[PDB]
Amino acid sequence: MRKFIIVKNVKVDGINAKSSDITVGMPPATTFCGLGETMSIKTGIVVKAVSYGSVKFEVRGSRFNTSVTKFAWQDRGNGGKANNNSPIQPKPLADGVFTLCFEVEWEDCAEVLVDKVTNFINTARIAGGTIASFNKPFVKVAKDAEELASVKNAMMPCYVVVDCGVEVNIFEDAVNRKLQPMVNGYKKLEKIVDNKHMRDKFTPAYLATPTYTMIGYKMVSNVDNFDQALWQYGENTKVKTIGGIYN
Amino acid sequence: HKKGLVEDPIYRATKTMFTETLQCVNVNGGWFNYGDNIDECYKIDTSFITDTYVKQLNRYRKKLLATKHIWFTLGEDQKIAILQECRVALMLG
RNA sequence: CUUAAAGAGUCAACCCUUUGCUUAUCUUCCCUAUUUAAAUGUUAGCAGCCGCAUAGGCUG
DNA sequence: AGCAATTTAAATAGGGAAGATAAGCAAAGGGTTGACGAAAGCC
DNA sequence: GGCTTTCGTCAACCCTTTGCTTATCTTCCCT
């Protein structure tokens, strides 16, 4: 027995489009799983999965180059060079209207759940982008599978993410089978021995290289199983769909 | 006259027990029609205090008092069916 | 606590000019629109004269 | 002061012409966006 | 003894010019 809260038409601008070194565009499912665990921390409603779809999404720039951001002189000790233009590190920006659907388990009324999600989203930040606007979130429940599809079709219109898996690698199949690659998680390289320059000193830290899976965009109504669009934190330091690989 | 209606999806998802569902039955489930004359709707006179009404209320309340010890020994299924019978007899009367 | 955290792309402008889409065409033959039937619904609310009446009565 | 009838059939065919051309210029700019390493005054 | 400023150091490209998908609709039935 499943419960969901849907925030439709989440207009967000200033999204850090740099998903990884080789992916620029839509934020991956690690971003929205991070947003889900962020509310698990601030609001206390513990979130299993998030199904996110893109209503609108434009990467700022041309069709072959992204619009770089005019950097500001914010480091310490480079005064005197501040009159000249700051050097640009690559961070593409994008705008996106999203539709989010969080699997939550809740025991109180739907009004306080909607208010808690609204108070989170008013202080949230989708992929480094300020949430410009969002409709009032609404609670829908998936008692059975037809009710699961009711929740699924309540995200209309949006293009959700379905996992199609890695056959050999990322570049090969992106040309061959023409699917989109995105960060489904990370791979740990080395333990980090210096916790002085970090957010926490006690949380263990690892250098990571983003693993990618290959995904497709399908409209949420054309997705047969809603579990193939709900991304959640898998126990391989990755994220994964509940329904597995989309067929 | 009519049963309360619960619009809440989480409440419809989770509520199972007798009181634990009944605590979710609010005034907004059909009773609260429009709500602009609430203060006149809750200023009340007490002209019921008569002979036969008070003795009937006392004898029935004490009847309930004496029998409610078997009510807690019932199961959920019993409570639901017994209260359905009580509601049916109440609309009948 | 989401490759989290952060960032002003600004400016400027003469698309010019020119032009022959002309030419000739058989639309054409054919043929049954045929047959009915109450306008009823009171189908009219008038003309004088008795009067102060545009109140009320009478006359045919 | 509303009442206005029903069915039945709507043409078969033959044609939609090719021949020509479809300009040549000249432009299309760069100006900022550099981090390590190394002298070298300076607390 | 670092420390913060400014000047010197080290380079060198082969590019390509839209789809990705493509929207949540009536049979029984009796009141």
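None of the figures in this text is laboratory data; all of them are computed from the coordinates on show. Neighbour counts run over all protein chains shown; Cβ positions are idealised from the backbone, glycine included.
Annotations
- Cα pair distances in the stretch A:89-171, grouped into 10 Å bins until the bin that holds the longest one, percent each: 13, 35, 33, 16, 4
- Most to least packed among A:154-167, B:74-87 [average Cβ atoms within 10 Å]: A:154-167, B:74-87
- Rg and Dmax, both from the Cα atoms of the protein assembly as shown and both in Å, are 28.4, 98.
- Shown here for the stretch B:1-43: chymotrypsin sites (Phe, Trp or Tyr not before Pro) in loop regions (DSSP other than H, G, I, E, B) with at most 10 other Cβ atoms within 10 Å, namely B:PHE32, B:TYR34, B:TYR42.
- Modelled spin labels at B:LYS15 and B:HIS69, positioned 7 Å past Cα toward Cβ, are 3.3 nm from each other.
- Kirkwood-type radius of the stretch A:1-84, with distances r between different C-alpha atoms, in Å: 16.3
- Cα long-axis angle, helix A:29-42 against chain A (0 to 90 degrees, to the nearest 10): 80
- With neighbour counts taken as other beta-carbon atoms within 10 Å, the residues B:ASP45, A:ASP144 rank, fewest first, as B:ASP45, A:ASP144.
- Cα gyration tensor category, rounded, prolate or oblate, for the stretch A:129-247 with a/c compared to 1.5: oblate
- Ratio Rg/Rh [Cα only; Rh per Kirkwood] for chain B: 1.03
- Assuming charge only on the beta carbon of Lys and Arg (+1) and of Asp and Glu (-1), the dipole of the stretch A:156-247 about its Cα centre is about 340 debye to the nearest 20.
- Positive-end extreme of charge dipole, the stretch A:90-135 - chosen from A:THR99, A:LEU113, A:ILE131 (charges on Cβ): A:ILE131
- On Cα atoms only, tilt of A:110-121 relative to the major axis of chain A in degrees: 10
- Magnitude of the charge dipole, the stretch A:25-181, Cβ model with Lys/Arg +1 and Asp/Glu -1, debye to 20: 920
- Charge tally in the Cβ shell below 13 Å around A:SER86, where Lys, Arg are +1 and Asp, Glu are -1, A:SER86 excluded: +2
- Mean Cα-pair separation over length for chain B, i.e. relative contact order, pairs under 8 Å, 6 or more apart, %: 31
- Label point distance in nm, A:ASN176-B:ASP36, each placed 7 Å from Cα along Cα→Cβ: 7.1
- Cα-derived Rg to Rh of the stretch A:132-181, Kirkwood definition: 1.17
- Of the trypsin sites (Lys or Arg not before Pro) found in the stretch A:54-88, those that fall in a DSSP loop while having at most 14 other beta-carbon atoms within 10 Å are A:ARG63, A:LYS70, A:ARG76, A:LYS81.
- The label-point distance for A:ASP200 and B:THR52, in a model that sets each label 7 Å from Cα toward Cβ, rounds to 7.4 nm.
- Across peptide A:137-148, the average count of Cβ atoms from other chains found within 10 Å of a residue's Cβ is 2.
- A:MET1 sits among other residues whose Cβ lies under 11 Å from its own Cβ, and their net charge, with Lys and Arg +1 and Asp and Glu -1, is +1.
- Look at the dipole of chain B built from charges on Cβ: of B:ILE44, B:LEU5, B:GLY93, the Cα furthest out on the positive end belongs to B:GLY93.
- Of the residues A:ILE170, A:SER150, A:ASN195, the one whose Cα sits farthest towards the positive end of the charge dipole of the stretch A:141-196 is A:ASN195 (charges of +1 on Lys and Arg Cβ, -1 on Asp and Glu Cβ, taken about the Cα centre).
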